[PDB]
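Remarks on the structure that follows.
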Amino acid sequence: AXXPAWX
Amino acid sequence: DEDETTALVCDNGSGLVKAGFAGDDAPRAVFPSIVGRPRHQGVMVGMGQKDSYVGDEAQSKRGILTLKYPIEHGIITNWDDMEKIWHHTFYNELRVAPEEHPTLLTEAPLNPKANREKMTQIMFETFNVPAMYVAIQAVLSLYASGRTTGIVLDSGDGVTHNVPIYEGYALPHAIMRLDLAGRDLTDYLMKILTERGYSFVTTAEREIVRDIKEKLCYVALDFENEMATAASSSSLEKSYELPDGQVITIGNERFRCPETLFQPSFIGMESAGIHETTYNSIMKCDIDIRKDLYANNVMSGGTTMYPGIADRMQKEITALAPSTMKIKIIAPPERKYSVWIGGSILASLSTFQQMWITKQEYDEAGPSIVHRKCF
Amino acid sequence: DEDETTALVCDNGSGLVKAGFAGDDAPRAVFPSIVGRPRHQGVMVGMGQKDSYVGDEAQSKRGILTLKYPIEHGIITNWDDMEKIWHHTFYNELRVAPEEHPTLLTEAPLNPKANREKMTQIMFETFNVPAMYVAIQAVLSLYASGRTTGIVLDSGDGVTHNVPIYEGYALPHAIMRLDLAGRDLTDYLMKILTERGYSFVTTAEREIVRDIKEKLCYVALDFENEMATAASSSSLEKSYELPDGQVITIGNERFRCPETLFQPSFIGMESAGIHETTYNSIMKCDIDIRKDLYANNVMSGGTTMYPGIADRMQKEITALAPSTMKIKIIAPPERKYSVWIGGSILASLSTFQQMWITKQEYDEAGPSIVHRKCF
Amino acid sequence: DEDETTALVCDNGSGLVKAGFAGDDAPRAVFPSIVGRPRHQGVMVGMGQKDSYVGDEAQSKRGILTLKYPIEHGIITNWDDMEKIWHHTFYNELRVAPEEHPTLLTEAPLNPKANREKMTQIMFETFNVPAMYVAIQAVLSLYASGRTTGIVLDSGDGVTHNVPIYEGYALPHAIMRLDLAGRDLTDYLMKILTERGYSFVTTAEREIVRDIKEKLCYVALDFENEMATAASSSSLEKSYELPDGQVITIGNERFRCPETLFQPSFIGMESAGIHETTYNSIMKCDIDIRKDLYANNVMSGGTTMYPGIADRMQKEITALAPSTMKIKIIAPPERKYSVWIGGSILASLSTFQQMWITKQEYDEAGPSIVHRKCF
Ligand SMILES: Nc1ncnc2c1ncn2[C@@H]1O[C@H](COP(=O)(O)OP(=O)(O)O)[C@@H](O)[C@H]1O
Ligand SMILES: Nc1ncnc2c1ncn2[C@@H]1O[C@H](COP(=O)(O)OP(=O)(O)O)[C@@H](O)[C@H]1O
Ligand SMILES: Nc1ncnc2c1ncn2[C@@H]1O[C@H](COP(=O)(O)OP(=O)(O)O)[C@@H](O)[C@H]1O
Ligand SMILES: [Mg+2]
Ligand SMILES: [Mg+2]
Ligand SMILES: [Mg+2]
């Protein structure tokens, strides 16, 4: 979750 | 080849692979961390024309490729493409076998631990390295300074750090991470170039805009008077010849691009800025650390070769820090490479050779060994 | 005439002028944004035969004219021809004096600012409007929805938008712009009609192909099974009588034309598609915005009257968005006009009458006033 | 005969059959793509006098025949007459059996796919070739150059191309097609010869005018000063002895004939010209392709043996392209044959022998196999 890249 | 067991220092931040050997001045291989791939059909029969172009060759052919960065905000997103990047790193550029050399990888703090863990699994399972070690990138950026006390800002292509260290001891509660870095500045510059009249939308045109950002941008010590300075006359305009023809002429975009780094509201990102995350990392440290962080404020990765960012940096941290403090922004012109250079120092230390995560200890403890030996 | 000072709402996207008054249901004047011009000599003496035909008259005479759109991808290229278009707009079609009425122009986000600035200079200097205001076109497309929260796709003749708005606040970092729209679909349809056997190359024949696209195209909810459905039998073939004689019969070209909108590789354009630029505009917004963008996904300009594009749109955004999210594609059948209709709402608001860029403020601050009063 | 299974390279553009074997310098058979037919009655009894004359024999008897080209603008119109042309090609001129040889046909881009499909059906069903392959004609014109990067103009008798290719990859969205070529120039020359005083109206007289165009025409680097040069003195007049007697003397018609190629308004055809369709094909390519298209602008089919058309070509593309670009018009004097020569290269490649559309794959997948194996 988050990001793009993060989950 | 290499007649010894010299350690490899591979440093992919998020946008530029810089790899080489330990005990070495500069990285031997510096190339873009891209993997390109043809987006329309091959017509000349008998050509070669492999269906993957990694590294500098991809920028040689970027007019017919869709360029794709396998590592975004310091997090590896494509794992098979990062294996293309590592395979090209060891076997084509650095031109060596990974089975013979311990390797030193780098990543950022506050990263997903599956990045570090899968990076260890790919180093031992796929490339069969004898030893391996992940390293916090700003820490190594302080190894290149020759200092054991200082707070480190580096700001690579996907992440910026502010790791404070005092007398050899890091302060991991006072650590920082902002996901605003040079690829975000490239995208914002590409947006305001669309504001002036020049439309860049392709990944290859994104690489052109990144080149405009590198050649032709500075940081504007006082942003309001520089802004009105560009609004007054055309003495700040500067032309850039695009590949294959048309020239462009940029004005206030020359310094509005890294002002986003000092003011992240431009890219719509709720943060405090670079200058306030340094000061907040210092204020999270103890009271008896802070003047030794003020006088040792190392500013040493990529996206810091904007002219005047140490002047803006000292000029703004001085406004935050109390008076009668000595604010020294260390900006050593060998940065963009000093994370690698401190990797070369750390891997060439003699105390360090029992800190490698070795195989038969990877095989004993699985891939989670990195969370007891690395940090 | 008009016994009041009602504001003009002129809306030239890139391919169709729709103009009228504020406080009004539909635009009073809808005509093609073309200027035609004779390409061979006049022989009947005593004829009139003016050497410029603007608007609908140009399509009445397009067999002897070279039609030319003065506005391409939302950017005005010919300025004297756009002045022909505006002159015909106010004085012939809408049949009114611009000196008596504030005017509301529209353009796209991420446009060159000399388009907006020269449009303001032409409105005050040439037509002598008392007040003037440029407006972001998808924002107005949300004014017609009666919503203050939603992400707006419109896709006119030269540009598509995806402007996200939450609780009245736009997210200009999460804004989008793709230069794939209906004139590009007209050109691609003209190419694949050349693949079937029908050669259309003239600008008038381009206008015929545009008519074939409007009458006789849908979007194909599942493109592969629709493609094999057309390959199996001739139940998808449909005939179109060309002007002056010969009939044509089109098959898979009926739905390969707007699949380019969902898959821009067909026209050789490196992009993500309409459905992924919506999802990427939503993911660029904050975490607490997204379900209110999922349930309010307004799809409201031209080139969206393809049958089933809301079904393809929901069917593909649902595949991108997480489950337990409510994807509502708002496709209000009054679109192709809702940018004008929301222009009529905004210009008829009472809070808005101090947001007009007025003359004596244009004369005070030059033509750059648009970058402090408009947005 | 032929003791091997050498591939046939048959190349009918629209007006001249040039056929031969693969792995060969020049085409073995070059003859006009006409089929003649007697238009009045046979009176000498015991004569032979077959009621169809194909190829060069038709120009030997064109005074008593109505000559008819079975292929118009690169599209085969008469199929039985094209079967006469192919039958004469294999069995009379090239004097070989098609059952023993794979054949390489050529056509233009953006053609009706029933041309390609029916050409495959006639090659397998009628002539029983073992393998067959249609090929894009300008692509093969780049195979003869020894280049894998360049934009190709060829301009045969019925069609002109501009296919751009970069590093072996064609850019099919940037492809072009104009239906202005040498038969149209022959008709326009025949019209302006009627303007001077010489009436040519028969198909045989059309063949005489085509001969006048080949012998006695150049392209006029600067058309206005060449036009006034012919208007000043008679130093540009040149005489041509017609068959059987009367001599003619042509002036400005010597260079007004291929100026139609650079300026299609003369034949009443709404287009941009040859020099602007090249530049528009280059500008449709990506930014990082264009200087490698500027320096590799191959100009290699028929109707390019006008003297000075490379000088006019470079002189006009330089005026369109930006400065500090290197415009190299490649005009290799073996053109008019280089589509065949590149056909000979491609059919003699060893990588290519699994790209033939073979029989038992034609029989398996019908005649639509050409749209998955050819391009
Ligand atoms: N001279 C320069 N001026 C401004 N920015 C630069 C310069 N050189 C590199 N950059 C930017 O720095 C980033 C790369 O920094 P670096 O730390 O080497 O990246 P990585 O994170 O891959 O190690 C790129 O985004 C590049 O655009
Ligand atoms: N019923 C329809 N189906 C498909 N496309 C349409 C239809 N009506 C209009 N279009 C296309 O929409 C475009 C015009 O939409 P509009 O939003 O009015 O354009 P503008 O950008 O000029 O406002 C034209 O390209 C036209 O071909
Ligand atoms: N020396 C020449 N100068 C000018 N035009 C020529 C010359 N030779 C041939 N042509 C023209 O070129 C055309 C044939 O070109 P080519 O490409 O060989 O035809 P095809 O398209 O049938 O292959 C004919 O129209 C002929 O008039
Ligand atoms: Mg780095
Ligand atoms: Mg619109
Ligand atoms: Mg030819």
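In order, the protein sequence lines correspond to chains F, C, B and A. Numbering follows the authors' numbering, with no gaps: position 6 of the first sequence is 6. Numbering follows the authors' numbering, with no gaps: position 114 of the second sequence is 114. Numbering follows the authors' numbering, with no gaps: position 108 of the third sequence is 108. Numbering follows the authors' numbering, with no gaps: position 250 of the fourth sequence is 250. Every residue, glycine too, gets a C-beta built ideally from N, C-alpha and C.
Going along chain C, which residues have a C-beta under 7 Å from residue i?
i	result
F:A5	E72, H73, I75, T77
A:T351	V45, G46
A:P258	Per Cβ cutoff of 7 Å: no residues; A:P258 is ~28 Å from chain C at best.
A:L346	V45
Specify, as a first and last residue, the run of the beta strand (DSSP E) that residue i falls within.
i	result
A:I248	247-250
B:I151	150-153
C:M132	131-136
A:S239	238-241
B:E107	103-107
B:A310	Looking at the DSSP string, B:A310 is not in any beta strand (DSSP E); the run it does join, the alpha helix (DSSP H), is 309-320.
C:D157	No beta strand (DSSP E) holds C:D157; DSSP gives it neither H nor E.
A:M299	297-299
Would you verify that the beta carbon of residue i is, or is not, closer than 7 Å to some beta carbon of chain B?
i	result
C:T148	no
A:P112	yes
C:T66	yes
C:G197	yes
C:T194	yes
Taking 6 Å as the line, does the beta carbon of residue i fall inside it for any heavy atom of ligand 6?
i	result
A:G46	no
A:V152	no
What in chain A is Cβ-close to residue i, meaning under 7 Å?
i	result
C:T202	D286
Just to confirm the assignment, what range does the alpha helix (DSSP H) spanning residue i have?
i	result
A:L193	182-196
B:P258	253-262
A:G20	First-last for A:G20: 16-21, but that is the beta strand (DSSP E), not the alpha helix (DSSP H).
A:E214	203-215
A:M44	Premise fails: A:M44 is in no alpha helix (DSSP H) and is neither H nor E.
C:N115	113-121
List, in chain order, every chain B residue whose beta-carbon is nearer than 8 Å to that of residue i.
i	result
C:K191	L110
Can you find a heavy atom of ligand 4 that lies under 6 Å from the Cβ of residue i?
i	result
C:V201	no
C:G343	no
C:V9	no
Against residue i, what residues of chain C qualify as contacts under a CB-to-CB distance less than 9 Å, listed in chain order?
i	result
B:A19	Correct list: empty, because the minimum Cβ distance to chain C is about 26 Å.
A:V139	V43, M44
Please indicate yes or no: does the CB of residue i lie closer than 6 Å to some heavy atom of ligand 5?
i	result
residue 410 of chain B	No information on residue 410 of chain B is available, as it lies outside the stretch 1 to 375 that chain B covers here.
Can you find a C-beta in chain C that's less than 7 Å from the C-beta of residue i?
i	result
B:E270	yes
A:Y169	yes
A:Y337	no
A:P322	yes
A:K291	yes
Report the neighbours of residue i on chain B: residues whose CB is nearer than 9 Å to its CB, in chain order.
i	result
A:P172	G268
A:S265	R39, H40
For residue i, which residues in chain A fall below 8 Å Cβ to Cβ?
i	result
C:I34	Chain A residues near C:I34: none, gap ~14 Å exceeds 8 Å.
With a threshold of 7 Å between beta-carbons, can residue i be considered close to chain A, or not?
i	result
C:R210	no
C:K118	no
Is residue i near ligand 3, going by C-beta to nearest heavy atom under 6 Å?
i	result
A:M305	yes
A:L293	no
B:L142	no
A:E214	yes
What does residue i reach in chain A if we use C-beta pairs closer than 9 Å?
i	result
C:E205	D286, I287, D288
Say yes only if the C-beta of residue i is nearer than 6 Å to one or more non-hydrogen atoms of ligand 1, and no if none qualify.
i	result
C:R210	yes
Stretch-stretch touch, CB-based, cutoff 8 Å, three pairs: the segment 122-136 of chain A with the segment 347-359 of chain A: yes
Three CB pairs or more closer than 8 Å across the segment 302-312 of chain C and the segment 258-270 of chain C: yes
Three or more C-beta pairs below 8 Å linking the segment 365-375 of chain B and the segment 112-122 of chain B: yes
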